[PDB]
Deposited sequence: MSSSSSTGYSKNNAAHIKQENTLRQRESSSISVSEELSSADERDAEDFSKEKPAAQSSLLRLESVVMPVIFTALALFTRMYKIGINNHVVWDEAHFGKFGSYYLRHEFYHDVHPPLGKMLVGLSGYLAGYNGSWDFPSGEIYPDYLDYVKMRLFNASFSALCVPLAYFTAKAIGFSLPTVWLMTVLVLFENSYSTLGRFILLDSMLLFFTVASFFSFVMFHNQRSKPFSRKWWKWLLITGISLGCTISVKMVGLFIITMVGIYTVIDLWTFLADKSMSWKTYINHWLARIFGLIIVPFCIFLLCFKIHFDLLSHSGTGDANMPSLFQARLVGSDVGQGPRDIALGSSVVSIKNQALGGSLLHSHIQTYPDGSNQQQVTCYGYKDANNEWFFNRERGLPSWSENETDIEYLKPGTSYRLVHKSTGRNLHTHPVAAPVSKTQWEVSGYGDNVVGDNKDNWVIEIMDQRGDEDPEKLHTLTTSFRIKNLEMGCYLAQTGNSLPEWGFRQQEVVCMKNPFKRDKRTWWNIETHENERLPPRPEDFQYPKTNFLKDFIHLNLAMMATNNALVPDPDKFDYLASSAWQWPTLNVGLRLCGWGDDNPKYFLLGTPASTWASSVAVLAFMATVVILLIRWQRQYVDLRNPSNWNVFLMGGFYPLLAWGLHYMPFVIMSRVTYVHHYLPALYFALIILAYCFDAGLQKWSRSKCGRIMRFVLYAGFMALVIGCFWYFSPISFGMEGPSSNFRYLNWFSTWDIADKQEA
């Protein structure tokens, strides 16, 4: 009618207004860098200086922190330490205003989310005051984080997901393609802010597999229409979230182009392309005798060619030739002529350029041994021989002859000869015929814990372990542009490598870390800043009216799918009309599956997990609690005393999350006192809050 349209207009701006109030009320009061504002603020400052970095998370969160800084009149010149005060030019009020505007847009998007998943009108209000009035969201929405952005594109992912579900009855319409492409864009932004956005794509992917499954059984659907469904779902649910992800790494690579911290996580050609370039040389590439080089492995894990002065305890008592991964004068190498010829002299006049396919003797500079494989096998891998260093310019054998073979050229110069950084080369022995390789495995402590170097007889030419490149040249030129897809793969493998390096040791007590069972039931919270009486002090935990009742609603619904499934097998006809099945499935079931996908990887994985990882998982738990208020009180809409009991039960629990948000309002709004004033909301132990 008219009153429902009136609440439909004036009510989203009341919840939007209480979202802007709830998330922006004491933004500029703490006056110090906080929990991960020190990290993600710094990463946002890397874009404003256009300096390269490496970090675990995908860039669209950090690019939105850079866009959060460009709107603040800030040039990135201040790195973000932990704990320190702000300089007066860094207007952090616009940045915290920006992220708290993302959570303050996460609230009305939950309003229209709950409007889309059925939900008779008091349920939309309880779910909007439920996502709105919460100290976990308004605590972690207050700051320079990409948890507000992960939460925002998770809510836009579920919202555009149900708005895609609501036009399944008229497929291939304008609304169908609209919310399918908006679901693709929001899912792609959900990965590209943080890599745990694969969880919502597991949920929408399970919905898509269930749709294509039930579209196999429709008798009227032709095969042309069904193949149009497959191309529509792989396009708008696979290609578009991958095109947004690739576009985010295109703005990541093409935006920042200088050097910075964490530049060493790249292949040396991409590091040579960027502006800083402490790995490149202008005029000349390589020559014979005078070119002092350091050979680098292009394998993921290989390092510089090293030769320390200790000799082999297991071998032919020659000098150890291993691989080490830092700058050293023992990593210096050069080239000498083959066996039978007079060697290099320091008073030559012709600067000979090196020729591939020609045998040479690779001589270490600071020590003076010839690169050689000798008839003692490798110590760890007993399949192949062992690489050593023997003799000088005249003492040795015919096995000292090592050829140079071109494997790949990056153009912009002569491809016939060996070069620096533009010539990936394999090295093969002449008499034996083994290719110089590197397994990457670790040696025992006799070789000072360095890399194992093997010389395999027949590896393949598609092997990355045999590919070496020249990095240093020691006695007008631009390096070519690298392949963008290859840099995408190498940078995602470096991100996954830092994820594997993020696994904690069990001996160090990380005070801030938590386990996933503590995030519901609120066993522990999270201390975001310094707990002195000077600064206002924040604390991450949910409002215990929302997430206790919400967690017990996930337990009460996860044993409602089972009860309705047992009663389904017992031939009961549970959900009669398509309306209440629509509210069960979209309002109830896919939030149980999105809760499970957003939560159960955090209880399975071996990684440092904190309280702020439950914020996307808590949202679907709050949808589940909204459903347990929706369908659980649907039968009370028919009796008058049941109707009045229904509205005072909705108003009772809504007043409970109002009063329990306001009672715990100091732990998001500041706790400006001396931290002993706030022991009244220290309800349990392990809530280290006072």
Review point. Do you know which deposited regions have no coordinates at all?
Key: 1-56, 532-539, 755-759
